[PDB]
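In the block that follows, a single chain appears as structure tokens, in the form deposited in one PDB entry.
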């Protein structure tokens, strides 16, 4: 009944606890001490952090709780607008865009995106085959090059050409800088931040201008197998209305934000766990070698990379790269039979803690064991939520998994990998998670493309 709460800082309450450069990891350690639920207070804010499957299975009841915009999502809303990620469920553009865009994200739609994903994956492989001896790979940097180009090409037929660059593209310099200012507002109205505010607005213009220009450019009349084409021609069956031009821009910005970082973190964590668990890497490499029998993987071959998928899911279990989502109570209700909640009360789902629920997973929760995911139907309901929940779950889940399976499968086919530094896991936190400074050496197996 009485809810635990971590240490306070006077009038700032719990907020200075987030004034740290690893806040998710700080929140995990608080859950380790306090258990399945703790109250987290800030000036003007009250929420509760959930960590057990028993409580989260209830928070996930869509009849009782809806998606809430966390403070992080409200700041991203300043440039993602009413895109799909940062809109409320009752907002008319959510359901409209949801109905128009769901078909472009089905497993059936990945048959059309596959060729462009292979385009960028081949560039990654060729980059690595062209390294000189004893040169190394900066893994998260190269996975980010791959994911951003993949979504740019598949989403709106745009080539960021990240593998031709050292300093990232100007659009993503401002975009990453906007996301960086959003996270900083969390752990902060002084005049010293006025520079950041003026810089934030100029970053929004850089983003809107490039995107709004592409929308105007295409509207040429050309038709391509990309999200942008479906967004100019699609009509919501419900209202019979197409998305208006402002909403298309928000979706494009949204897909770029939601696209690259979460997926590049997954690939980066997957490769870290492979080089730290050589038996698992051997099993994944044997699968890649025997399934990917052509110089260019096909869509069907990728679907046969079952163990590669298990590696991906277990990497998502330990470090889900979009590590929380937020909910509010639609009506007065009782949580777990012990925590009465009022209408509008907020919950945070701490995904990495959920995924360490010993009562669900047994006691070896910290060990990387893809064999946990041999039979996916066996996993209890709402114990594994890397892609969120319900109708507000990740619309790009199939896209992200198909890209990551394809790319990891090709990496494992084409190179042997060496953890030549004995890399010490160091998780850098933005709004997403990635293993900072992770480096490897790749020895080519000299298989042609």
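Heads up, when I say rigid core I mean the largest set of C-alphas that superpose within 1.5 Å between the two forms. Numbering follows the first chain given and starts at 1.
- Unmodelled residues of the deposited sequence between neighbouring positions residue 188 and residue 189 number 1 to 3.
- According to the entry, the deposited sequence has 1 to 3 residues without coordinates between residue 219 and residue 220.
- Mean CA B-factor, 420-428 versus 394-402: the higher value falls on 420-428.
- Look at the mean CA B-factor for 192-200 and for 113-121 in the entry; the higher one is 192-200.
- Between the residues 47, 70, 52, 381, it is 381 that shows the highest Cα B-factor in the PDB record.
- Ranking 277, 184, 254, 268 by the C-alpha B-factor listed in the PDB entry places 184 at the top.
- When the modelled residues of the chain are ordered by their C-alpha B factor, residue 82 lands in the lowest third.
- In the PDB entry, residue 373 places in the middle third of its chain by CA B-factor.
- When the CA B factors of the chain's modelled residues are split into thirds, the value for residue 410 lands in the lowest one.
- Per the PDB record, residue ranking by Cα B-factor puts residue 149 in the lowest third of the chain.
- Ranked within its chain, residue 213 lands in the highest third, by CA B factor from the PDB record.
As for the form deposited in another entry, it is not shown, yet the points below apply to it.
- With the two forms fitted on their core, the C-alpha shifts between this form and the one not shown stay under 2 Å for all of 181, 82, 129, 236 except 181.
- Here residue 170 counts as shifted, since its C-alpha moves by at least 2 Å between this form and the one not shown after the core is aligned.
- If you fit the rigid core between this form and the one not shown, you'll see the Cα of residue 298 move by less than 2 angstroms.
- Relative to the superposed core, residue 286 undergoes a Cα shift smaller than 2 Å between this form and the one not shown.
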